[PDB]
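Colleague: I'd like to ask you about the structure that follows.
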Amino acid sequence: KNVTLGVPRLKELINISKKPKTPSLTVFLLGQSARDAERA
Amino acid sequence: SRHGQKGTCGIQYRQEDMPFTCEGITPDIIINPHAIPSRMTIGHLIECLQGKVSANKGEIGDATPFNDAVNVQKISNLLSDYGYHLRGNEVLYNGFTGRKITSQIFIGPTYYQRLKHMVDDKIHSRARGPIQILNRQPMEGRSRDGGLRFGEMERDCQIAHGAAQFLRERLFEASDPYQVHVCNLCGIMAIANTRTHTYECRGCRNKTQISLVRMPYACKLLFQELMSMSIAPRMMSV
Amino acid sequence: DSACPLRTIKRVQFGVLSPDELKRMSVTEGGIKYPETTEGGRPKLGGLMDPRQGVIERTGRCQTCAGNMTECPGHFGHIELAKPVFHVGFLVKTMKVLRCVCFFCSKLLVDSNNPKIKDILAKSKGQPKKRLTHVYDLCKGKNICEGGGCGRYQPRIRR
Amino acid sequence: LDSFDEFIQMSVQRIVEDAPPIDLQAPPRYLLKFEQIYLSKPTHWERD
Amino acid sequence: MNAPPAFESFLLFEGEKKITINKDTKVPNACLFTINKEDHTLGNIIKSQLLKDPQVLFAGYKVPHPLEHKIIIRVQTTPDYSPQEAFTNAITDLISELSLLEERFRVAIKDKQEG
Amino acid sequence: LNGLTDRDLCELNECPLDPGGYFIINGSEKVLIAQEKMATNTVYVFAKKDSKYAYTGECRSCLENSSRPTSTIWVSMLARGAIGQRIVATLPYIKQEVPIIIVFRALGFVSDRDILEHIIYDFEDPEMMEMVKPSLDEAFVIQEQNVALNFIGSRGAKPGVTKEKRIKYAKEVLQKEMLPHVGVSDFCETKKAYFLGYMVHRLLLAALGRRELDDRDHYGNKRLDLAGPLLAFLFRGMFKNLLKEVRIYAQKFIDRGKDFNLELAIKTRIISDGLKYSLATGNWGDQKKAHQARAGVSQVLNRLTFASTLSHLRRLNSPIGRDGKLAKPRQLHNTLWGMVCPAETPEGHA
Amino acid sequence: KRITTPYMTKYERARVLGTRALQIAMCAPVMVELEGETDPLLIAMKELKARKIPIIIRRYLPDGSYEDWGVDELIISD
Amino acid sequence: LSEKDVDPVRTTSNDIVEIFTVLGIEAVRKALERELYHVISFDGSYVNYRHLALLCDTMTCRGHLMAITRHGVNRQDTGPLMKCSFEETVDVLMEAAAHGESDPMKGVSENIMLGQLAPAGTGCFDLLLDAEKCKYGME
Amino acid sequence: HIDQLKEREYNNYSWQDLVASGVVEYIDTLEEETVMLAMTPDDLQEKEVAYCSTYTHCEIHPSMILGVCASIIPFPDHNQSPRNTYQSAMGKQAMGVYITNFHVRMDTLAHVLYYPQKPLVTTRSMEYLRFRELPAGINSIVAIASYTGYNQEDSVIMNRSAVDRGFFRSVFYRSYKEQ
Amino acid sequence: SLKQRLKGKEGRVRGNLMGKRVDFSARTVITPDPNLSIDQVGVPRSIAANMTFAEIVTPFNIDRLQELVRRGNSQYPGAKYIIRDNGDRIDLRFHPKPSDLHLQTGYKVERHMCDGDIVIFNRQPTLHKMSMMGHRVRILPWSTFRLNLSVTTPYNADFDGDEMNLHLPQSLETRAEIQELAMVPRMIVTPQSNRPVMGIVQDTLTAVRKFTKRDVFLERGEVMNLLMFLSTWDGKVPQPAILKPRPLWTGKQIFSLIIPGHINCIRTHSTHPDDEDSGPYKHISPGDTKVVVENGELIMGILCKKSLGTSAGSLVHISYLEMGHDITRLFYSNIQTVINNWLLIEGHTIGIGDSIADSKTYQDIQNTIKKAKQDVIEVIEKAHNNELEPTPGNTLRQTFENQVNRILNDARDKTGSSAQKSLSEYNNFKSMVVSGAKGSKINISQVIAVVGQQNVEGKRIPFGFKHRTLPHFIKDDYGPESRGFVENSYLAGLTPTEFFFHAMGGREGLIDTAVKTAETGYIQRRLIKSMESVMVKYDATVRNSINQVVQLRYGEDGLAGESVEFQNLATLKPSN
DNA sequence: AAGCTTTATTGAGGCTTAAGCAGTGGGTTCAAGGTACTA
DNA sequence: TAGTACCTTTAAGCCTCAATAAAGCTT
RNA sequence: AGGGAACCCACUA
Ligand SMILES: [Mg+2]
Ligand SMILES: [Zn+2]
Ligand SMILES: [Zn+2]
Ligand SMILES: [Zn+2]
């Protein structure tokens, strides 16, 4: 994952950008689908 | 030096205050050790070593960039051939007390340049002097006895300090203090004949409800440039 | 020294300068009429370097007030324009009003008693600019005066 | 030096020669064509 | 532009006082000798000759600022002795040592010049 | 001072170590800083990013001796976001795009085999055929040279309502203003078509991945304007103004039915103070276009050290804006090896 | 009834010291027994430590109301 | 978040507007704090939490996302003199003149403009002379 | 070629006769992209594992990649590269003798050093920058020491006695004009 | 036009109302002065004889101001104007008639700026509120402003040509509020990160690491000379740590005299082993690497940037929190004076000998570089012969570049650590690194072992030619030499290709500096204008200018950021 | 019936506004040539 | 007739068009 | 006891 940091990310934070450069999620998986890679 | 190692002269000591070697060689210039590690100007140290070798040998050293005929070990062996430490250190003595310095000091001939940035070309102070014709603020630059710009970031820092009165004298009293008279009714700047004490406001046709207002001259200029745009910035002192 | 009471500003009220107010507060009573600034060695009355508008020379005095170049704040002249023209900073506001009022009877296109108008003066009572925005959004889709009032078709103002 | 020598030895003449001759009429014609240039040495003219 | 003249290293201006004693009350039997227009040359010899004195409990000098020409010598003695007396004795011993050094140097010059 | 010995230079109170290379303009020593630019007459294919064009092959074309304003032609491909991907052209003095096969029909070749012979040199790779088919598809309605020329002329700067006026205007645009380095005379439409097909072919290759894209900052793609080209660019405009004022003077003196004095007709101060102004101020143009022109072309020769003088006389300039926040023109490119010092550069906005 | 802090804030200390120093420099009666003192700032500081500055601080609450605290009523930090 | 076997509790985003439209204004305040903290502390540096909290509370004070721009700052209920000191000076003053806006002089930039004592630190109170305490001072 | 270039005045053999010999040639940047360069003729002798046996050109000397102001840096390959950049910036601000006819010139600003010295440690490229003839600086005995704390944070302690003897003394020229 | 007059940073509002040129300001070059206190600025006599403070005439100062008027504007400790009550200014530069030199109570004398005058002293860019602090004027001979060395960290200043601005407060009120709000000792600890902004720096830091080592023994005269520079010293010479055979004091005793009050602090030196605190010698440290200050006495431990620097919980921080700004100001000054005068005995250099390793270390470095280059050739041969399988998430190019960059970074790290192990305790590079004064371990590695890989926009050196980085390599060469891995140290010097690749890498930092200064300043200005009127009110709420509640309590706890500290919750982590 | 017609959402195009701080110094040009007319 | 005074760079927002679609009016 | 403006360029940290 190549998320933006530094001063560009701070500018994208304080200027409320509807199109940030690298939008992303951090999806967390419930229960047994997170224990093993096959159900993930 | 020729290695990006710039720096102002911090103090000048006489020859008897300078540290000295056993043969009485005081350095012309003492630079800080801390200028070297973060900058990694190792060519500066190699030039000092090579210059010691050159001054003792009588040659002019070769410091052409990509040369296998010159490395630090060859320069060191040449230097140790002249009765010096091979790494260019020497035992210096304290100039004040005469005692040997516990560390041995890297000393040697290095080419320094005097830069055109002198302090007598840069020292500037103002107390009160010429002011600009338009905004009546102090002039621009040291060549015309001008003031220094107490800019926006300085204003912001003085806000963060909470120093409201210092901010007020910087941005009002030490730049352009000014007095206007305002009509208490319309808020436009009145007409004030100070010698005959005749204050009036054309448009409201009053002559008694006029108030003196201390505002910066540049603010009066801003308001008169706003009135040229058909804005009425009515300063309501009520 | 001035005899006026020294007191600060608690409020700066903004507004547009009325032409009546410009004519009433001016020191150039006839208006600025001549483009030249000096009639020989004299500054021309009604010219651009009007002597009643401030202090010309560094060592002279003003004519409206008696103060020198330091004490004189400068006083406003005026040009009475032959034909009314647009203030360029106020163009967009003139167009916003023009699509909100009738081109012929100068009535508001929507009612002053309209329930939409009633609750947008409710929700934008202290905010004039947002009130204009809401009235403009109500009047943007219209094309004809409703009425009391006329029923003439209304144009599209294009700048 | 070489770029200026090229300009002052080749390019000025090429600019002068690659220009449309001017024709004037309206009535008789008037044709002006420009031929070789001459650059003198740098001279200064006094007030006399 | 702001260069001090080269003679304020060593010349007392009118009204400047060469040496002042200040009996500091922080510790018993101590003085602060503030010597004007002097440097490490006298401060160091006076300090070391004071350190040879067994009745001197403290002896140190300082230059408060090298851009000023002023020596502060602090001497503390045993209570049966005074810092002023210690300072005078140190200067007398330095003068006698330098006199002996000068005479022996003249003798050695005269011996080597002849052979 | 040309060809003088050291003794002769010292007789004239000149320094024998002085290198020259500057101008004395009103007693000020003025040095012409070399300006870099894209090379002319070379086809560069780039990827315009976040645009309607997927690829763009430009060719800044200059006559190489006459030096008119360099007329760039673009030959672009549209992005996918239509039943195919489509090649268009951006001709000079034609404010709208033209699809490329209409330009090829306007140049004289009407058949599709002739046009694809000018574009695709081997017919045995059909992958390149698949990309030219949409361009042939939207030029289906245009099958004749005058019809294509009308298509060109109906999108020009001022399309005259006469059809033959549009035809003549289009012929003039495609002869004198499209690819003039190929040729501007008559009977040059085959060479212009071959070069335009070469531009299309390069665009197809770059879009096929078969050729890598061109680098803006490759330094073989750049040229440097030294004192010669800069002064010639000035002198073209000032000699044009000299001939303009001669024609104005002589026109005013033949409408009166008289004769003019030609030695008195020449306004000798047009070249003189024009060159003097541009070298003294550094604005590279006319006095009335100071904001339009570029500044810093002529600088006062720095005389603080011999090394600063020598450095100032060998200085180059990328005229890209100093407030530009893109790092790539300021990068030390690989192709600067041995041509440009990797260490010597200013600190700050430049 | 006074809800503001019983301690004197640093801004209050700075402005009370400045105002009192200017008053002393304009020959106001000193409230404390100055002992060879000349600089009005040191006299104002000595008055502040002695809790003798004759100044009331009027602290404005954001709702518009105010609280009048005498300098002698506030706890002196520095 | 709606997917089966996806945690609807911990799943987040770095898109601030997406969190605001999906989850709300307090959620985007916490997310804004987290994102600014990540930017600041990735370098290894540390900023005290109250400064981040004040910035995030300022950005999310009025129920929507107030950008730190002329499109969030100059659209507040602050005075025309405060807005014109930031950006769009002539446009702000035109809009204030046309709508008759009244600047109550309660900010810092407003009083800095007019040379007055800013209600800021030292200037946020008045000092009164105590006549009863003045009776103990000798001339 | 070398023995015949050693006698450029006795022989009238020069660089152009070396170009005309087909021995050196000028290679621009587009042609440089099709050449195979040896850095040194060391690269041309056969190795036990050969990198390239198809060299078409050789560098004359690899230190010709530097310009005028970076050719005065001694040992620039031992320096961190921003420091070479800073010296290229600051060699232009160095005070020396900027030209030999400075007594004739009425320059608005002029800075002449009293006693410029040529460097004791030189590059071979400064024979062509004429830095040996118009040098800008003095060879200073420089100790790298922490002495009394006045050289901290990029400062310099100088010898006052040396400065009294003319060390880095210079003369400033200002010219004024009136019509 | 009028709009152009009112807009922009140069217009009326931003350029003449928010900020403006001011009177009573000075600017010159700054040079160091270790002999000044942290709240003093050394001012040239010409600046002070030109800048005037209007002193109101009282009966207290009738005679002093009369003498100042009598001296006039020519003599420096003199005056420039007399301002009467009616407001006219008697110019004292015309040496006027002696009826004018009369001074009444209520007159203002514009005396020259003298010693002890309060000034605001400022360096641009003014980023935070410690970039603009208050200083006491001290008049010194030459033409520069002179600063203490601990003070250069909040100003972000050095002495390679920096110029700073000096504003003189003109009123007693503003002089008082600069004195009570903005002086340097009050600005020691920042609310931004609840740590000091200013710490012991450079020479004093290197020499306080050298001074507080276990084997530093000072004789009687050396101790007395060092005690001469202790301003807070009570005049009692401490009992020496060793009395026989000869009386010797350690450096820890003299630093215990420097340490103020009864500070209680525990730190660790930079070179503290990770397995020592669990070992048998937890409180009897073999390397003197655990610092314990107990009752204001340095019991044990070598001081460094971790103890005397700008970190949170450090010795200067604990001193501030427990003792106040004045005691901590004296602490800073005493450290600098005593340590700087001991450095005259000890000395500190750096030479070409400190950058040189032994031949065993050179052989180890060359072996590591050779084996890493062979690993890169093996990875290249695997990628050529199709053996290279991609890691999940990446294609063959990011995995090949990742493998090659991992091999080369492991090379640089391993051989840098091999270089650093060779450094003796006499090494001066190591002296400045392990004290935290200047430089890091990557600097030692680059100087001694290997410079490493040059990177342009994150990747290796790009193929700027047709599939070559330079025309000295063959096409499609992906090896370490071809793509910018510098194989030599700065001591050994770089090959011409390595020199060019290193210049390509070093150009990136220059470009990044320029563009980040362009953009970050706009970000900072927008941050200021969005919150400039937000403040803590007297009901302790945090409101903006509209009186809209931003926070009901500041920071949600109601505390200020300066006084808070990193602490540990005891009951959170342990099991039931 | 299934056609006809009207007021609220979308997508692209056009306009506007912004782009670090503080310092030095120099250099140039503004303000310029035809004219229409007299003692 | 000669001569002097006067004539004339890009990046993000907001706003405003053309284009649609349920839904009521009119077969 | 103090009669310039505007722009451009170079530079300083
Ligand atoms: Mg600096
Ligand atoms: Zn009125
Ligand atoms: Zn007036
Ligand atoms: Zn109507």
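The chains in the structure tokens are called A, B, ... from first to last as shown; in each chain the residues are counted from 1, and the ligands are counted from 1 in the order shown.
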Can you tell me, as a ChimeraX atom specification, what residues are no more than 7 Å from region 144-160 of chain I when counting only C-alpha atoms (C1' of nucleotides), ignoring any on the same chain fewer than 5 positions away?
Modeller: /B:6-15,18,27-33,35,105-107 /J:32-34,158-160,202-203,340-341,344,347-350
Colleague: Please write the residues from the selection above to a file, keeping C-alpha atoms, as a short mmCIF file (atom, residue, chain, number, x, y, z; two decimals), in the first residue's frame.
Modeller:
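The file below, result-v5.cif, is the result:
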```cif
data_model
loop_
_atom_site.label_atom_id
_atom_site.label_comp_id
_atom_site.auth_asym_id
_atom_site.auth_seq_id
_atom_site.Cartn_x
_atom_site.Cartn_y
_atom_site.Cartn_z
CA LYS B 6 30.80 28.92 5.58
CA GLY B 7 30.67 30.80 8.84
CA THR B 8 31.00 34.24 10.36
CA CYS B 9 33.93 35.28 12.50
CA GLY B 10 32.85 34.77 16.08
CA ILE B 11 35.78 36.36 17.87
CA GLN B 12 39.37 37.37 17.17
CA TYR B 13 42.11 36.41 19.60
CA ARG B 14 45.64 37.72 19.48
CA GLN B 15 48.59 35.43 18.84
CA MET B 18 45.66 31.43 20.29
CA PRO B 27 46.18 28.79 13.72
CA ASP B 28 44.97 31.68 11.64
CA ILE B 29 41.45 30.28 11.87
CA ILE B 30 39.83 27.82 14.29
CA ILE B 31 36.71 26.08 13.01
CA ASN B 32 34.34 23.93 15.03
CA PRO B 33 34.63 20.14 14.95
CA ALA B 35 30.77 21.51 11.33
CA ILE B 105 44.15 18.99 17.33
CA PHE B 106 43.82 18.63 13.58
CA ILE B 107 45.63 21.65 12.16
CA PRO J 32 27.93 33.37 19.19
CA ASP J 33 28.71 34.40 22.72
CA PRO J 34 29.07 31.63 25.29
CA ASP J 158 23.29 29.38 13.40
CA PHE J 159 26.11 31.78 12.65
CA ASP J 160 26.83 31.10 8.98
CA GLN J 202 27.30 21.50 20.36
CA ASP J 203 30.61 21.93 22.18
CA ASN J 340 33.36 25.52 27.91
CA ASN J 341 36.20 26.40 30.24
CA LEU J 344 40.14 24.43 27.17
CA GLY J 347 39.99 19.97 23.89
CA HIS J 348 37.88 18.55 21.12
CA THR J 349 38.89 18.08 17.51
CA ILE J 350 37.99 16.10 14.47
#
```
Colleague: For residue 24 (chain A), work out the shell of residues within 12 Å, counting only C-alpha atoms (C1' of nucleotides) and skipping chain neighbours fewer than 4 positions away, then give it as a ChimeraX atom specification.
Modeller: /A:1-4,19-20 /H:11-16,18-19
Colleague: Up to 9 Å from chain H, what residues of chain B turn up? Count only C-alpha atoms and give them as a PyMOL selection string.
Modeller: chain B and resi 159-165+167-169+171-173+177+214-216+218-220+226+229-233
Colleague: Would you save the residues of that selection, restricted to N, CA and C atoms, as a compact mmCIF listing (two decimals), in the first residue's frame?
Modeller:
```txt
# COMPACT_ATOMS: atom_id res chain seq x y z
N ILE B 159 0.52 37.45 18.91
CA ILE B 159 -0.80 37.00 19.33
C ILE B 159 -0.68 35.78 20.23
N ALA B 160 0.14 34.80 19.82
CA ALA B 160 0.31 33.59 20.61
C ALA B 160 0.95 33.86 21.97
N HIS B 161 1.79 34.89 22.06
CA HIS B 161 2.35 35.28 23.35
C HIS B 161 1.30 35.85 24.28
N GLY B 162 0.24 36.43 23.73
CA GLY B 162 -0.70 37.20 24.50
C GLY B 162 -0.28 38.63 24.70
N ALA B 163 0.84 39.04 24.13
CA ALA B 163 1.37 40.39 24.30
C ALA B 163 0.56 41.33 23.42
N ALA B 164 -0.59 41.76 23.94
CA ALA B 164 -1.49 42.59 23.16
C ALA B 164 -0.99 44.02 23.04
N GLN B 165 -0.35 44.56 24.08
CA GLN B 165 0.10 45.94 24.01
C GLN B 165 1.38 46.08 23.20
N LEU B 167 2.03 44.15 20.64
CA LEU B 167 1.46 44.05 19.30
C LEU B 167 0.84 45.37 18.88
N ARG B 168 0.17 46.05 19.81
CA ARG B 168 -0.43 47.33 19.51
C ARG B 168 0.63 48.39 19.23
N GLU B 169 1.73 48.42 19.98
CA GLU B 169 2.71 49.44 19.64
C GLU B 169 3.51 49.10 18.41
N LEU B 171 2.24 47.48 15.68
CA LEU B 171 1.41 47.68 14.51
C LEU B 171 0.65 48.99 14.51
N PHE B 172 0.70 49.77 15.58
CA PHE B 172 0.10 51.10 15.55
C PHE B 172 1.11 52.18 15.90
N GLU B 173 1.76 52.10 17.05
CA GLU B 173 2.50 53.24 17.58
C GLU B 173 3.88 53.39 16.98
N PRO B 177 1.14 56.18 13.77
CA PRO B 177 0.03 56.64 14.60
C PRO B 177 -0.69 57.79 13.93
N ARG B 214 -8.20 57.37 17.29
CA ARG B 214 -6.83 56.96 17.01
C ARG B 214 -6.88 55.67 16.21
N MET B 215 -6.44 55.74 14.97
CA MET B 215 -6.38 54.60 14.08
C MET B 215 -5.07 54.71 13.32
N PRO B 216 -4.52 53.59 12.84
CA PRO B 216 -3.30 53.68 12.03
C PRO B 216 -3.57 54.45 10.76
N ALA B 218 -2.45 53.70 7.84
CA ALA B 218 -2.75 52.76 6.78
C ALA B 218 -4.20 52.29 6.84
N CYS B 219 -4.81 52.31 8.03
CA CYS B 219 -6.23 52.01 8.12
C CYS B 219 -7.08 53.14 7.56
N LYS B 220 -6.68 54.39 7.81
CA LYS B 220 -7.37 55.53 7.21
C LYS B 220 -7.25 55.47 5.69
N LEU B 226 -11.52 52.36 0.25
CA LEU B 226 -12.80 51.67 0.22
C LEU B 226 -13.92 52.62 -0.17
N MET B 229 -14.34 52.99 -3.75
CA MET B 229 -15.09 51.87 -4.30
C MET B 229 -16.57 51.96 -3.97
N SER B 230 -17.02 53.10 -3.45
CA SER B 230 -18.39 53.34 -2.99
C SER B 230 -18.79 52.39 -1.87
N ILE B 231 -17.86 52.07 -0.98
CA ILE B 231 -18.16 51.43 0.30
C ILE B 231 -18.19 52.52 1.36
N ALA B 232 -19.13 52.44 2.29
CA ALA B 232 -19.08 53.31 3.46
C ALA B 232 -18.61 52.49 4.64
N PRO B 233 -17.33 52.51 4.99
CA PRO B 233 -16.91 51.86 6.23
C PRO B 233 -17.18 52.77 7.41
```
Colleague: Please write out the residues within 10 Å of ligand 3 as a compact mmCIF listing (two decimals) with C-alpha atoms, in the first residue's frame, counting only C-alpha atoms (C1' of nucleotides) and all ligand atoms.
Modeller:
```
# COMPACT_ATOMS: atom_id res chain seq x y z
CA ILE B 191 -13.79 67.62 8.83
CA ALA B 192 -11.74 68.98 11.72
CA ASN B 193 -10.26 72.48 11.74
CA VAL C 27 -15.73 69.50 -0.91
CA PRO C 51 -6.94 72.40 -3.54
CA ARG C 52 -9.99 71.66 -1.37
CA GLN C 53 -9.20 67.93 -1.53
CA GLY C 54 -6.04 68.20 0.55
CA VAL C 55 -2.59 69.71 0.76
CA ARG C 61 -2.13 73.97 4.04
CA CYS C 62 -5.44 72.50 3.00
CA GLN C 63 -8.38 74.73 2.15
CA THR C 64 -11.25 72.70 3.59
CA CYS C 65 -9.54 72.30 6.95
CA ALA C 66 -6.63 74.52 7.90
CA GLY C 67 -4.27 71.68 8.73
CA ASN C 68 -0.93 71.05 7.10
CA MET C 69 0.01 67.91 5.18
CA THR C 70 0.21 65.91 8.41
CA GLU C 71 -3.07 66.95 10.04
CA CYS C 72 -5.13 66.96 6.84
CA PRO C 73 -6.78 63.57 6.26
CA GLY C 74 -7.74 64.56 2.74
CA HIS C 75 -11.30 65.20 1.59
CA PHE C 76 -13.42 63.52 -1.03
```
Colleague: Extract, using only C-alpha atoms (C1' of nucleotides), all DNA, RNA and protein residues at most 12 Å from residue 4 (chain M), discarding same-chain residues fewer than 6 positions from it, and format them as a VMD selection string.
Modeller: (chain B and resid 132 to 134 139 144) or (chain K and resid 30)
Colleague: Those same residues - C-alpha atoms (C1' of nucleotides) - I'd like them written as an mmCIF file, in the first residue's frame.
Modeller:
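File produced: selection_27.cif:
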```cif
data_model
loop_
_atom_site.group_PDB
_atom_site.id
_atom_site.type_symbol
_atom_site.label_atom_id
_atom_site.label_comp_id
_atom_site.auth_asym_id
_atom_site.auth_seq_id
_atom_site.Cartn_x
_atom_site.Cartn_y
_atom_site.Cartn_z
ATOM 1 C CA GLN B 132 6.792 56.447 2.813
ATOM 2 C CA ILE B 133 4.724 59.119 1.112
ATOM 3 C CA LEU B 134 1.584 57.026 0.642
ATOM 4 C CA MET B 139 10.796 53.306 4.463
ATOM 5 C CA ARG B 144 17.272 54.749 3.105
ATOM 6 C "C1'" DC K 30 9.131 56.618 -16.703
#
```
Colleague: Among chain A, which ones does DSSP assign to alpha helix (DSSP H) (computed from the backbone)? Answer as a VMD selection string.
Modeller: chain A and resid 6 to 14
Colleague: Please dump the current selection as a short mmCIF file (atom, residue, chain, number, x, y, z; two decimals), in the first residue's frame; keep N, CA, C and O atoms.
Modeller:
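Once everything was written out, this is result_30.cif:
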```
data_model
loop_
_atom_site.label_atom_id
_atom_site.label_comp_id
_atom_site.auth_asym_id
_atom_site.auth_seq_id
_atom_site.Cartn_x
_atom_site.Cartn_y
_atom_site.Cartn_z
N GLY A 6 3.27 12.99 4.92
CA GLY A 6 4.00 14.23 4.83
C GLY A 6 3.08 15.43 4.72
O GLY A 6 1.95 15.44 5.21
N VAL A 7 3.59 16.46 4.06
CA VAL A 7 2.90 17.74 3.89
C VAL A 7 1.76 17.65 2.87
O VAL A 7 0.73 18.31 3.08
N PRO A 8 1.85 16.88 1.77
CA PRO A 8 0.64 16.65 0.96
C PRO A 8 -0.53 16.05 1.71
O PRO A 8 -1.67 16.45 1.46
N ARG A 9 -0.30 15.12 2.62
CA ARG A 9 -1.42 14.53 3.35
C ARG A 9 -2.00 15.51 4.35
O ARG A 9 -3.22 15.55 4.54
N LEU A 10 -1.16 16.34 4.96
CA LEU A 10 -1.66 17.38 5.85
C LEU A 10 -2.48 18.41 5.09
O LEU A 10 -3.51 18.88 5.58
N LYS A 11 -2.04 18.75 3.88
CA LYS A 11 -2.82 19.66 3.04
C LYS A 11 -4.15 19.03 2.62
O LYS A 11 -5.17 19.71 2.58
N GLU A 12 -4.15 17.74 2.31
CA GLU A 12 -5.39 17.05 2.00
C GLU A 12 -6.28 16.89 3.22
O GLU A 12 -7.48 16.65 3.06
N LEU A 13 -5.72 16.98 4.41
CA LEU A 13 -6.53 16.89 5.62
C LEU A 13 -7.17 18.22 5.95
O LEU A 13 -8.37 18.28 6.22
N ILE A 14 -6.39 19.30 5.94
CA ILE A 14 -6.96 20.58 6.36
C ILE A 14 -7.80 21.21 5.25
O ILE A 14 -8.79 21.88 5.54
#
```
Colleague: Find the spatial neighbours of residue 10 (chain M), counting only C-alpha atoms (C1' of nucleotides), within a cut-off of 12 Å - ignore same-chain residues fewer than 4 positions away - and output them as a JSON list (two decimals) with C-alpha atoms (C1' of nucleotides), in the first residue's frame.
Modeller:
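Final output, saved to selection.json:
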```json
[["chain", "number", "residue", "atom", "x", "y", "z"],
["F", 296, "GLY", "CA", 16.67, 37.82, -17.56],
["F", 298, "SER", "CA", 20.57, 39.76, -20.70],
["F", 299, "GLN", "CA", 22.07, 40.20, -17.24],
["F", 300, "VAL", "CA", 24.75, 42.48, -15.88],
["F", 301, "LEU", "CA", 28.01, 40.56, -16.00],
["F", 302, "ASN", "CA", 28.93, 39.58, -12.47],
["F", 303, "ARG", "CA", 32.38, 40.96, -11.68],
["F", 304, "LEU", "CA", 33.03, 39.97, -8.09],
["F", 308, "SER", "CA", 32.05, 34.45, -10.97],
["F", 312, "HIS", "CA", 28.26, 33.93, -15.58],
["F", 346, "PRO", "CA", 21.52, 28.08, -7.34],
["F", 350, "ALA", "CA", 15.88, 28.49, -9.27],
["I", 92, "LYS", "CA", 31.21, 33.38, -6.84],
["I", 93, "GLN", "CA", 30.95, 35.39, -3.61],
["K", 24, "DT", "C1'", 20.56, 43.05, 0.81],
["K", 25, "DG", "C1'", 22.22, 45.14, -3.69],
["K", 26, "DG", "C1'", 22.10, 46.97, -8.83],
["K", 27, "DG", "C1'", 19.79, 48.54, -13.43]]
```
Colleague: Can I get the residues close to ligand 2 as a PyMOL selection string, where close means within 12 Å and we count only C-alpha atoms (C1' of nucleotides) and all ligand atoms?
Modeller: (chain B and resi 181-191+199-211+232+234-236) or (chain C and resi 21-22+24-25)
Colleague: Can you pull out the residues contacting region 22-24 of chain E? Cut-off 10 Å, using only C-alpha atoms (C1' of nucleotides), and skip same-chain residues under 4 positions away; I want them as a list in words.
Modeller: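 Here the qualifying residues turn out to be residues 28, 29, 30, 31, 32, 33, 34, 74, 75, 76, 83 and 84 of chain E; 235 of chain J.
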